[PDB]
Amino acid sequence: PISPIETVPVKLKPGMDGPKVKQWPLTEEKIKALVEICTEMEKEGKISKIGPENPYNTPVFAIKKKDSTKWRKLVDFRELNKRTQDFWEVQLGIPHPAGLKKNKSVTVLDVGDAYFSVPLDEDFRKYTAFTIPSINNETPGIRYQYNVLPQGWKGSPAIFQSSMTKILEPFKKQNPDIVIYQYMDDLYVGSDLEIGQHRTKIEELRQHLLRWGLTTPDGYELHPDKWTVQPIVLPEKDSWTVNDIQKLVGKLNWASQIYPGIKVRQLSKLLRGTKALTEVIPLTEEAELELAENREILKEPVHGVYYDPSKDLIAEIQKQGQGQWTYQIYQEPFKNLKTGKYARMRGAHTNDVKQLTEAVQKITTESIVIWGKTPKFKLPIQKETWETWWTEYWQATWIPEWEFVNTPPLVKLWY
């Protein structure tokens, strides 16, 4: 009640205005639940109804369905996050726990509930505006702006990074061989071994957080040891057809873009002519010498490749297989950092988008644990297609950046 120095001043990036994204339609089950969630948030004084004088808007939706836990409201703050200023320091200079990727097990616990305590700068609150829709536009629309720190917001974990270290300090003292990383709403907790104690030490941290005032939901098992890289594999054709040598030499030319530690020559010299595709042409004594340089410099990591914290990570995915899916992560083209595979279509039912979505998340979490950031995705799907379904299969607290591509790797680059 003195001089208003209780809330931290947050402004938007220079020149830029606040998000005016539009709200996409939601199912009855979804709006229903959102209405509930907000009215309580409304009573709890966390959010506050606004009129039309607030030009801004961000989209909202909920995420948990069937026989699992209760509905979790999620706001897509991507735009705002891009529009909000980055805060001088704290996470910069001194950052990421490069040991996190090596743990036998890692557990992710949502702690967004913790933001709901801290109030938000009165001036900034308008930019958190969101609207709950109505079936066939029955109710004009329920408008609300957050009064406290918003979950998916990027500004929140920063402001609270101080409060959170405070909260984490005893556990990170009492448990030294336990690595804990905070990424936005999630707390990535990981330890070197399940003596049996891992799952316990988690439930222990849950209790502790529950004690100090953090209501962690009424637990995802990650094991970053099995995370292996998926390299490029060459066919073992028994000196077969020309076509083979074509499907081979084409693939190798693409691979030279990554590394010239391979040669085109002798196999390209075996291509010299016009001999029909279906001709079982035998491999010469000079072309086997070319396969000794090819296969060698293929199952091995590239040169000049380092993670540069200033650049954005990009991810590209490919539908390589009825069950399989392949992916790559880099910052500068062909300068790859990780290349993997996802084949959980034998486990989860045969639906593509679901597979894609599940994979997007798998890759992103995988990205966080490794570099502590989300990648800009290049999605092998049509805009309108993805836009009408991903939410029905989304389960993470965050939502990465995405683009839509018309797929060019014609050589079937991996397998």
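From 1 onward, residues are counted along the sequence shown.
According to the record, 10 or more deposited residues between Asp218 and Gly219 are left without atomic coordinates.
Mean C-alpha B-factor is higher over 176 to 184 than over the other stretch, the pair under comparison being 77 to 85 and 176 to 184. Mean C-alpha B-factor is higher over 403 to 411 than over the other stretch, the pair under comparison being 403 to 411 and 15 to 23. Across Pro231, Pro309, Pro224, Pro140, the entry's maximum B-factor at the CA atom is seen for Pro231. Ranking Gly155, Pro133, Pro260, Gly112 by the C-alpha B-factor listed in the PDB entry places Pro260 at the top. Among the modelled residues of its chain, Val353 has a C-alpha B-factor that falls in the middle third, as given in the PDB entry.
Residue-level temperature factors show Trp71 in the middle third of its chain, judged at the C-alpha atom. The deposited CA B-factor of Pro55 belongs to the lowest third of values across its chain. Among the modelled residues of its chain, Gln91 has a C-alpha B-factor that falls in the highest third, as given in the PDB entry.
Ranked by C-alpha B-factor against the other modelled residues of its chain, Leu337 falls in the middle third.
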